[PDB]
Every structure is written in structure tokens, then in C-alpha cells.
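Presented below, as C-alpha cells, is a lone chain in the form deposited in one PDB entry.
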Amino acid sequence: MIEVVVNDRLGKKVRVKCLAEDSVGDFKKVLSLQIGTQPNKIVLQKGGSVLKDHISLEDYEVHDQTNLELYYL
């Protein structure tokens, strides 16, 4: 289990835990519970890169204590 932080450009800093093998789709589902933005209106960014549910977090390289960006779309 790892702990990653998500900061929205609009103004929403929420933290959420997951796994490096966990996919972005499951990641948005767990985060959607805290932000209440639904898995269809959440957009994650990793160093100027859009994360998609079809790709796993391990592909984007998401580990414990990592920084992630949040977007509403």
C-alpha cells in the first residue's frame, strides 16, 4: 500500500492511498469518494502527462509519497 497526494490546479489538495500495480481507473474511484467528483469527471496528471484508467499506475510510475495533479473534466 502507498500514500500519494493529489493537488488540483483550481484549488483542491486531497490525499489518497493505493498500490503501484493499481490502475488509474481504480485510483480515480477511491479518490472520487473523498473529492466527490465521480470517476468520469476526475483527471490525474503526472509531470505534465494525463493519466488514463486504461493504463496502470506502475506504467506512469506512481510510488509511495509521490506527487500527483488533479483536474475536473
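Heads up: residue numbers just count along the shown sequence, starting at 1.
Here the subject shifts to the form solved in complex with a partner chain, a form of this protein not shown in this document.
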{"item": "Contact test in the deposited bound form: residue 19 vs the partner chain, heavy atoms, 4.5 Å", "value": "yes"}
{"item": "Residue 73, heavy atom within 4.5 angstroms of the partner chain in the deposited bound form", "value": "no"}
{"item": "4.5 angstroms heavy atom contact with the partner chain in the deposited bound form for residue 29", "value": "yes"}
{"item": "Heavy atom of residue 14 within 4.5 Å of the partner chain in the deposited bound form", "value": "yes"}
